[PDB]
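Engineer: First the structure, then my questions, so here it is.
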Amino acid sequence: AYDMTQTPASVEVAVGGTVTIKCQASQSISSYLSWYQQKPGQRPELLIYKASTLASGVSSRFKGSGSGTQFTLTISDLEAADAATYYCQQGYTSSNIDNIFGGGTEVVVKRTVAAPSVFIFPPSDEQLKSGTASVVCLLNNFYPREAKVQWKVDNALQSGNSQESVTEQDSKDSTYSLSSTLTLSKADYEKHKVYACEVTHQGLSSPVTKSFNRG
Amino acid sequence: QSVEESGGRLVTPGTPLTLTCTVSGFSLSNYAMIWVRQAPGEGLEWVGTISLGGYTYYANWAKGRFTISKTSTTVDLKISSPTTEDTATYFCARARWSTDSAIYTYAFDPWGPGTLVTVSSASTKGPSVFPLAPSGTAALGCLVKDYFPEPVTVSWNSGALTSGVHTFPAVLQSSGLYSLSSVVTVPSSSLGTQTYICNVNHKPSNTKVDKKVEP
Amino acid sequence: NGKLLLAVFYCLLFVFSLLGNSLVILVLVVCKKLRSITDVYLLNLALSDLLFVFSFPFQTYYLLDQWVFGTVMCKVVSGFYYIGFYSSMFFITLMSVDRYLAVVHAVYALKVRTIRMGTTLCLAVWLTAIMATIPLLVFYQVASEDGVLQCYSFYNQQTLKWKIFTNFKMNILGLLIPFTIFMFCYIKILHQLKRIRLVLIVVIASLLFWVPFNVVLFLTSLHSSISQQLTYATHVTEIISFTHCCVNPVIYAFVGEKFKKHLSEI
């Protein structure tokens, strides 16, 4: 019945800027919208209720407006700690409802471009004894999130045997970290000599390679 | 005011489950209680609501599979027959404004620390810890591998070291078992003087590991 | 701090109204067998006033602290209030019609004035009042305004039409038709008699008690800064109206000689 849609899926904004998030209902609700914020790995917190009134303890930089169908939330002076996900919730009715919450909008704080730092970790002796080899390469403290990594064994490309993990945006520095792990069979480890992780990111003029030879 | 969730467990697909939400600081006769669920890396999903008088309202998809009850101090949510798609973090919230028929039930505050529920036929397993030893600054870490289910907590020097510690989210492998890495960057000169120990803790299997990394 | 004073006033009204209605019912049921038709309507009017009397303690405990009785009681207390209002308003019309029928149509009066007619009309009036009250109750319920409970009626923008419908229903059904019947009957009765005062005083009192309430409700319906004084007006008019149940026994004990004959003895 009442379907809540949040227009911008993700918005990128510099510090000291204005952020506008729009929420919409399929049917009119007489100004009964609430806004919640969820920082990564934390419980949600209330910001505004009745679409205009601030919850006690929340700063005055958040301003909610709108009534009827359209609704808006504005963040006036953005800070590095404002990177989170915002949800609009309709408190009109609870009968024949699929979901009272919206899709959620993510705010990513803009920052000066910073090249990653690259480290390479070869498999340890214990794991090699166990029967599996893991080679890890780490990209640290970079922005933006669009970094790319390629593995090369004896100058030959590999695919389908590498997995990447990325952290959430830092609340203090607004940077990112990524880690790529390549898993090989114990026997296959000695079939080759040189391993390399190559990184492409906007902060580097040319791709940067970190490599090691068994020994 | 505080709400605490309990009952998170690894349950085989088909056996009923029950979660509890204990309350402190306020009376349940005055407020309504909301149950929400969030899949890993997805938006909030309202499941059900219990009002002042004890009238339960469920989302369309949740009708017939969940049941909410209340008592003097605790609120229980029972899952009659969980399926593999029921794995998620369950939150318990208090509605500050509410009506006995669940209209005008907007402001939710405070929230609780969600409880994680996993459904699968795979048995629990203990993590395997390996050291990613070092080769300006240096990076070193501990690789936790092939554990199940979530979560695993990794700290450094029993919590003494916290600056520059990155713990990436767990990634589900092809074998159905998770993997994770924890990396810390430190001054190079400190490598030969101080000792770094990764403390891995896995509650489901009651596993404690203290692995030291040395070049 | 006006809520405490209002609660004390409600307690005063409770005690006096309960005593008066109890005395009236006591005399009518002990020292008479309700042989006269006139006594049956008085008995029903007293039983209607007791319905108001029974809703005071909940209101007193609501002014102090808050509403802790739930939703079923939230509906039932309002049902008592509205049923009492409607029934007491209709029984006065029945009394006025009966008095007209006697004074003017005395020749034909002997056939109608029997116990069976009184019983049937009283049952019909009670059912009519209950049916007219049914629409209002469906919307009353308990709400939490940040932990504070309150019993009140809530309408969505879809069901809002029923609020206007019920307001106008109350107005026309409970004021205009009874007032028209009084106007028709008592001009003729005075025309015949000037050349009794009891029922005339009863109607004028019970109309002046409720007319401010009806007027403020009419203004509220038309409206749907004026809000604040309109709220004050309706709040005061509620108390103004409440006194009819207390004063009806006063009138019947002051005027009727039959009441005195058995009240002096006790």
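Residue numbering restarts at 1 in every chain; chains get A, B, ... in the order shown in the structure tokens, and ligands count up from 1 in that same order.
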For chain B, report every residue with an atom at most 7 Å from chain A (counting only C-alpha atoms), formatted as a list in words.

Structural biologist: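 The selection requested is residues 43, 44, 45, 46, 57, 59, 60, 61, 102, 103, 104, 105, 106, 107, 108, 109, 111, 112, 113, 130, 131, 132, 168 and 169 of chain B.
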
Engineer: Next, the residues of the selection above should be written as a compact mmCIF listing (two decimals), in the first residue's frame with N, CA, C and O atoms.

Structural biologist:
# COMPACT_ATOMS: atom_id res chain seq x y z
N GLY B 43 19.28 -3.26 3.74
CA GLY B 43 18.51 -2.31 4.50
C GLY B 43 17.62 -2.96 5.55
O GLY B 43 17.46 -4.18 5.61
N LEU B 44 17.04 -2.11 6.39
CA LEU B 44 16.17 -2.57 7.45
C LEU B 44 14.89 -3.18 6.88
O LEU B 44 14.40 -2.77 5.83
N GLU B 45 14.34 -4.16 7.60
CA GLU B 45 13.11 -4.82 7.21
C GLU B 45 12.26 -5.04 8.45
O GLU B 45 12.57 -5.90 9.28
N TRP B 46 11.19 -4.26 8.57
CA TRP B 46 10.25 -4.44 9.67
C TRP B 46 9.58 -5.81 9.58
O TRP B 46 9.17 -6.24 8.50
N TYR B 57 0.93 -7.02 15.12
CA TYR B 57 0.79 -6.69 13.71
C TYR B 57 2.04 -7.12 12.98
O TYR B 57 3.15 -6.78 13.40
N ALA B 59 4.20 -7.90 9.12
CA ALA B 59 4.32 -7.58 7.71
C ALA B 59 3.71 -8.69 6.87
O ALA B 59 3.52 -9.82 7.33
N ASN B 60 3.40 -8.36 5.62
CA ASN B 60 2.69 -9.31 4.77
C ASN B 60 3.47 -10.61 4.60
O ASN B 60 2.90 -11.70 4.65
N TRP B 61 4.79 -10.51 4.39
CA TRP B 61 5.59 -11.71 4.22
C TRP B 61 5.74 -12.49 5.52
O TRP B 61 5.97 -13.70 5.48
N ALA B 102 -1.99 0.55 16.35
CA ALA B 102 -0.76 0.62 15.57
C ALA B 102 -0.76 1.73 14.52
O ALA B 102 0.05 1.67 13.59
N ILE B 103 -1.63 2.71 14.64
CA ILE B 103 -1.56 3.90 13.79
C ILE B 103 -0.84 5.00 14.56
O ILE B 103 -0.98 5.11 15.79
N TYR B 104 -0.07 5.81 13.86
CA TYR B 104 0.72 6.87 14.48
C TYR B 104 1.70 6.28 15.49
O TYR B 104 1.61 6.52 16.70
N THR B 105 2.63 5.49 14.98
CA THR B 105 3.60 4.72 15.76
C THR B 105 5.01 4.99 15.26
O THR B 105 5.78 4.08 14.94
N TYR B 106 5.37 6.27 15.17
CA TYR B 106 6.50 6.70 14.35
C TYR B 106 7.86 6.64 15.06
O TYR B 106 8.79 6.02 14.55
N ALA B 107 8.00 7.27 16.23
CA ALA B 107 9.31 7.53 16.81
C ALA B 107 9.82 6.28 17.53
O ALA B 107 9.21 5.84 18.52
N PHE B 108 10.94 5.73 17.06
CA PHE B 108 11.56 4.55 17.66
C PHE B 108 12.85 4.97 18.35
O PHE B 108 13.82 5.36 17.68
N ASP B 109 12.88 4.88 19.67
CA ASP B 109 14.08 5.20 20.43
C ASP B 109 13.92 4.71 21.87
O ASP B 109 12.86 4.94 22.47
N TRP B 111 17.22 2.00 20.42
CA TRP B 111 17.36 0.70 19.78
C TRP B 111 18.21 -0.22 20.65
O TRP B 111 18.81 0.20 21.65
N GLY B 112 18.26 -1.49 20.27
CA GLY B 112 19.06 -2.47 20.97
C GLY B 112 20.19 -2.99 20.11
O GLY B 112 20.18 -2.86 18.89
N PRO B 113 21.20 -3.60 20.75
CA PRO B 113 22.27 -4.23 19.98
C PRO B 113 21.77 -5.53 19.36
O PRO B 113 21.52 -6.51 20.07
N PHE B 130 46.89 -17.87 11.12
CA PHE B 130 48.23 -17.88 10.56
C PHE B 130 48.82 -16.48 10.61
O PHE B 130 48.09 -15.49 10.54
N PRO B 131 50.14 -16.36 10.76
CA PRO B 131 50.75 -15.02 10.83
C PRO B 131 51.18 -14.48 9.48
O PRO B 131 51.92 -15.15 8.75
N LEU B 132 50.73 -13.27 9.13
CA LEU B 132 51.26 -12.53 7.99
C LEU B 132 52.36 -11.63 8.54
O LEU B 132 52.10 -10.55 9.07
N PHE B 168 38.96 -6.52 8.15
CA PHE B 168 38.06 -6.55 7.01
C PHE B 168 36.87 -7.47 7.28
O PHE B 168 36.96 -8.39 8.09
N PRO B 169 35.74 -7.23 6.61
CA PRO B 169 34.59 -8.12 6.81
C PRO B 169 34.88 -9.53 6.32
O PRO B 169 35.68 -9.74 5.40

Engineer: Could you tell me which residues of chain C sit within 9 Å of chain B when counting only C-alpha atoms, and give me the result as a ChimeraX atom specification?

Structural biologist: /C:68,70-71,141-149,156

Engineer: Take the selection from the previous step and output its residues with N, CA and C atoms, as a PDB file, in the first residue's frame.

Structural biologist:
ATOM      1  N   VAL C  68      -5.028   4.202  32.863  1.00  0.00           N
ATOM      2  CA  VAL C  68      -4.380   2.910  33.061  1.00  0.00           C
ATOM      3  C   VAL C  68      -5.338   1.740  32.895  1.00  0.00           C
ATOM      4  N   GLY C  70      -6.877   0.546  30.033  1.00  0.00           N
ATOM      5  CA  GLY C  70      -6.883  -0.181  28.780  1.00  0.00           C
ATOM      6  C   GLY C  70      -7.829   0.407  27.754  1.00  0.00           C
ATOM      7  N   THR C  71      -8.046  -0.369  26.689  1.00  0.00           N
ATOM      8  CA  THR C  71      -8.863   0.100  25.574  1.00  0.00           C
ATOM      9  C   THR C  71     -10.327  -0.289  25.739  1.00  0.00           C
ATOM     10  N   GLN C 141      -9.993   4.744  21.664  1.00  0.00           N
ATOM     11  CA  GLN C 141      -8.915   3.825  22.001  1.00  0.00           C
ATOM     12  C   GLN C 141      -7.867   4.573  22.812  1.00  0.00           C
ATOM     13  N   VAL C 142      -6.881   3.822  23.290  1.00  0.00           N
ATOM     14  CA  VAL C 142      -5.803   4.362  24.110  1.00  0.00           C
ATOM     15  C   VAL C 142      -4.614   4.689  23.221  1.00  0.00           C
ATOM     16  N   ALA C 143      -3.943   5.794  23.530  1.00  0.00           N
ATOM     17  CA  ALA C 143      -2.765   6.233  22.803  1.00  0.00           C
ATOM     18  C   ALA C 143      -1.693   6.670  23.789  1.00  0.00           C
ATOM     19  N   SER C 144      -0.438   6.491  23.382  1.00  0.00           N
ATOM     20  CA  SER C 144       0.726   6.840  24.188  1.00  0.00           C
ATOM     21  C   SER C 144       1.390   8.064  23.571  1.00  0.00           C
ATOM     22  N   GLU C 145       1.336   9.189  24.282  1.00  0.00           N
ATOM     23  CA  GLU C 145       1.993  10.420  23.858  1.00  0.00           C
ATOM     24  C   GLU C 145       3.317  10.525  24.609  1.00  0.00           C
ATOM     25  N   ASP C 146       4.287   9.726  24.170  1.00  0.00           N
ATOM     26  CA  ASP C 146       5.613   9.694  24.785  1.00  0.00           C
ATOM     27  C   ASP C 146       5.541   9.169  26.218  1.00  0.00           C
ATOM     28  N   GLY C 147       4.868   8.031  26.385  1.00  0.00           N
ATOM     29  CA  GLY C 147       4.777   7.367  27.663  1.00  0.00           C
ATOM     30  C   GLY C 147       3.568   7.736  28.495  1.00  0.00           C
ATOM     31  N   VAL C 148       2.839   8.780  28.117  1.00  0.00           N
ATOM     32  CA  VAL C 148       1.648   9.205  28.842  1.00  0.00           C
ATOM     33  C   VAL C 148       0.431   8.650  28.117  1.00  0.00           C
ATOM     34  N   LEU C 149      -0.398   7.900  28.834  1.00  0.00           N
ATOM     35  CA  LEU C 149      -1.545   7.242  28.232  1.00  0.00           C
ATOM     36  C   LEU C 149      -2.756   8.165  28.233  1.00  0.00           C
ATOM     37  N   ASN C 156      -8.476   8.675  10.663  1.00  0.00           N
ATOM     38  CA  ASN C 156      -7.618   8.888   9.511  1.00  0.00           C
ATOM     39  C   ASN C 156      -8.271   9.883   8.557  1.00  0.00           C
TER      40      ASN C 156
END

Engineer: May I have the residues of chain C within 12 Å of chain A, counting only C-alpha atoms, written as a tab-separated table (two decimals) with C-alpha atoms, in the first residue's frame?

Structural biologist:
chain	number	residue	atom	x	y	z
C	155	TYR	CA	-9.62	9.36	12.69
C	156	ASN	CA	-7.62	8.89	9.51
C	157	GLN	CA	-8.07	11.20	6.55
C	158	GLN	CA	-10.26	8.46	5.05

Engineer: Near residue B:20, counting only C-alpha atoms, which residues have an atom at most 10 Å away, once you skip same-chain residues fewer than 6 positions from it, shown as number ranges by chain?

Structural biologist: B: 4-8, 68-70, 74-78, 92, 115

Engineer: Near residue A:211, within 7 Å and counting only C-alpha atoms, which residues show up once chain neighbours fewer than 3 positions away are dropped, as a ChimeraX atom specification?

Structural biologist: /A:194-197

Engineer: Please produce a file of the residues just selected, as a compact mmCIF listing (two decimals), in the first residue's frame, where the atoms kept are N, CA and C atoms.

Structural biologist:
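Final file, selection_38.txt:
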# COMPACT_ATOMS: atom_id res chain seq x y z
N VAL A 194 57.82 -16.77 -9.15
CA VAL A 194 57.62 -15.36 -8.86
C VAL A 194 56.13 -15.06 -8.83
N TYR A 195 55.70 -14.35 -7.79
CA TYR A 195 54.31 -13.93 -7.63
C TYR A 195 54.27 -12.41 -7.56
N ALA A 196 53.21 -11.82 -8.12
CA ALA A 196 53.11 -10.37 -8.16
C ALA A 196 51.66 -9.93 -8.01
N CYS A 197 51.45 -8.87 -7.24
CA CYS A 197 50.17 -8.18 -7.14
C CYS A 197 50.37 -6.79 -7.74

Engineer: What's the 12 Å shell around residue C:105, counting only C-alpha atoms, without same-chain residues fewer than 5 positions away, as a list in words?

Structural biologist: residues 97, 98, 99, 100, 110, 111, 112, 113, 185, 188, 189 and 192 of chain C

Engineer: Taking C-alpha atoms for each residue, export the selection above as a PDB file, in the first residue's frame.

Structural biologist:
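Result saved to part-v8.pdb:
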ATOM      1  CA  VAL C  97     -45.447  14.061  24.757  1.00  0.00           C
ATOM      2  CA  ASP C  98     -47.281  12.194  27.514  1.00  0.00           C
ATOM      3  CA  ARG C  99     -48.153  15.436  29.303  1.00  0.00           C
ATOM      4  CA  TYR C 100     -49.431  16.994  26.075  1.00  0.00           C
ATOM      5  CA  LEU C 110     -57.172   6.787  28.976  1.00  0.00           C
ATOM      6  CA  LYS C 111     -56.464   4.147  26.321  1.00  0.00           C
ATOM      7  CA  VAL C 112     -52.779   4.957  25.789  1.00  0.00           C
ATOM      8  CA  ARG C 113     -51.804   5.595  29.433  1.00  0.00           C
ATOM      9  CA  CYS C 185     -46.375  20.646  23.182  1.00  0.00           C
ATOM     10  CA  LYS C 188     -50.538  24.353  23.630  1.00  0.00           C
ATOM     11  CA  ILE C 189     -50.358  23.173  27.248  1.00  0.00           C
ATOM     12  CA  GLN C 192     -54.953  25.391  27.837  1.00  0.00           C
TER      13      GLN C 192
END

Engineer: Can you tell me which residues surround residue C:202 at a distance of at most 12 Å, considering only C-alpha atoms, apart from same-chain residues fewer than 4 positions away, and format the answer as number ranges by chain?

Structural biologist: C: 42, 45, 88-89, 91-93, 95-96, 182, 196-198, 206-209, 244-245, 247-252, 254-255

Engineer: Would you save the residues from that selection as a CSV table (one decimal), in the first residue's frame, using N, CA, C and O atoms?

Structural biologist:
chain,number,residue,atom,x,y,z
C,42,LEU,N,-39.8,8.3,35.2
C,42,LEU,CA,-38.9,8.8,36.2
C,42,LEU,C,-37.8,7.7,36.6
C,42,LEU,O,-36.7,8.0,36.8
C,45,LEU,N,-35.3,7.6,34.0
C,45,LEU,CA,-34.4,8.7,34.0
C,45,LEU,C,-33.4,8.6,35.1
C,45,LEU,O,-32.2,9.0,34.9
C,88,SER,N,-31.3,10.0,28.5
C,88,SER,CA,-31.9,11.1,29.3
C,88,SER,C,-32.5,12.2,28.4
C,88,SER,O,-33.5,12.8,28.8
C,89,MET,N,-32.0,12.3,27.2
C,89,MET,CA,-32.6,13.4,26.3
C,89,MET,C,-33.9,12.9,25.7
C,89,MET,O,-34.8,13.7,25.5
C,91,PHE,N,-36.0,10.5,27.1
C,91,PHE,CA,-37.0,10.3,28.1
C,91,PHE,C,-37.8,11.6,28.4
C,91,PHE,O,-39.0,11.6,28.7
C,92,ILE,N,-37.1,12.7,28.4
C,92,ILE,CA,-37.7,14.0,28.6
C,92,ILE,C,-38.8,14.3,27.5
C,92,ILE,O,-39.8,14.8,27.7
C,93,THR,N,-38.4,13.9,26.2
C,93,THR,CA,-39.4,14.1,25.1
C,93,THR,C,-40.6,13.2,25.4
C,93,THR,O,-41.7,13.6,25.1
C,95,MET,N,-41.8,12.2,28.2
C,95,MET,CA,-42.6,12.8,29.3
C,95,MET,C,-43.4,14.0,28.7
C,95,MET,O,-44.6,14.2,29.1
C,96,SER,N,-42.7,14.9,27.9
C,96,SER,CA,-43.4,16.0,27.3
C,96,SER,C,-44.6,15.6,26.5
C,96,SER,O,-45.7,16.1,26.5
C,182,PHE,N,-40.9,19.9,22.3
C,182,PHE,CA,-41.2,20.7,23.5
C,182,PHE,C,-41.9,22.0,23.0
C,182,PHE,O,-42.9,22.4,23.6
C,196,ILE,N,-48.1,20.9,33.6
C,196,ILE,CA,-47.8,21.7,34.9
C,196,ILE,C,-46.4,22.2,34.8
C,196,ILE,O,-45.6,21.8,33.9
C,197,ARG,N,-46.0,23.0,35.8
C,197,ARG,CA,-44.7,23.7,35.8
C,197,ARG,C,-43.6,22.7,35.8
C,197,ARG,O,-42.5,23.0,35.4
C,198,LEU,N,-43.8,21.5,36.4
C,198,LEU,CA,-42.7,20.6,36.7
C,198,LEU,C,-42.0,20.2,35.4
C,198,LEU,O,-40.7,20.4,35.3
C,206,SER,N,-32.8,21.1,31.3
C,206,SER,CA,-32.1,20.1,30.6
C,206,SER,C,-31.7,20.6,29.2
C,206,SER,O,-30.9,20.0,28.5
C,207,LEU,N,-32.4,21.6,28.7
C,207,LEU,CA,-32.0,22.2,27.4
C,207,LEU,C,-30.9,23.3,27.6
C,207,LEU,O,-30.0,23.4,26.8
C,208,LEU,N,-31.0,24.1,28.6
C,208,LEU,CA,-30.0,25.1,28.8
C,208,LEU,C,-28.7,24.5,29.3
C,208,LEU,O,-27.6,25.0,29.0
C,209,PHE,N,-28.8,23.3,29.9
C,209,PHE,CA,-27.5,22.6,30.3
C,209,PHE,C,-26.8,22.1,29.0
C,209,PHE,O,-25.5,22.2,29.0
C,244,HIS,N,-26.9,18.2,35.1
C,244,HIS,CA,-28.3,17.9,34.9
C,244,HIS,C,-28.7,16.6,35.7
C,244,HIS,O,-29.8,16.6,36.3
C,245,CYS,N,-27.8,15.6,35.8
C,245,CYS,CA,-28.1,14.4,36.5
C,245,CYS,C,-28.2,14.7,38.0
C,245,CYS,O,-29.1,14.1,38.7
C,247,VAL,N,-29.2,17.6,39.3
C,247,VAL,CA,-30.4,18.5,39.6
C,247,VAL,C,-31.7,17.8,39.3
C,247,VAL,O,-32.7,18.2,40.0
C,248,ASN,N,-31.8,16.8,38.5
C,248,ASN,CA,-33.1,16.2,38.2
C,248,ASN,C,-33.7,15.6,39.5
C,248,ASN,O,-34.9,15.9,39.8
C,249,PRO,N,-33.0,14.8,40.3
C,249,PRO,CA,-33.6,14.5,41.6
C,249,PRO,C,-34.0,15.6,42.5
C,249,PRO,O,-35.0,15.6,43.2
C,250,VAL,N,-33.2,16.7,42.4
C,250,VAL,CA,-33.5,17.9,43.2
C,250,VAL,C,-34.9,18.5,42.8
C,250,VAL,O,-35.7,18.8,43.6
C,251,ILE,N,-35.1,18.6,41.4
C,251,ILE,CA,-36.4,19.1,41.0
C,251,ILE,C,-37.5,18.1,41.4
C,251,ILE,O,-38.6,18.6,41.9
C,252,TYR,N,-37.3,16.8,41.3
C,252,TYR,CA,-38.4,15.9,41.5
C,252,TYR,C,-38.8,15.8,43.0
C,252,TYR,O,-39.9,15.6,43.4
C,254,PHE,N,-38.2,18.5,45.0
C,254,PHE,CA,-38.7,19.8,45.4
C,254,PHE,C,-40.2,20.0,45.0
C,254,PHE,O,-41.0,20.6,45.8
C,255,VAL,N,-40.6,19.6,43.8
C,255,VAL,CA,-41.9,19.8,43.3
C,255,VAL,C,-42.9,18.8,43.7
C,255,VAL,O,-43.9,19.0,44.4
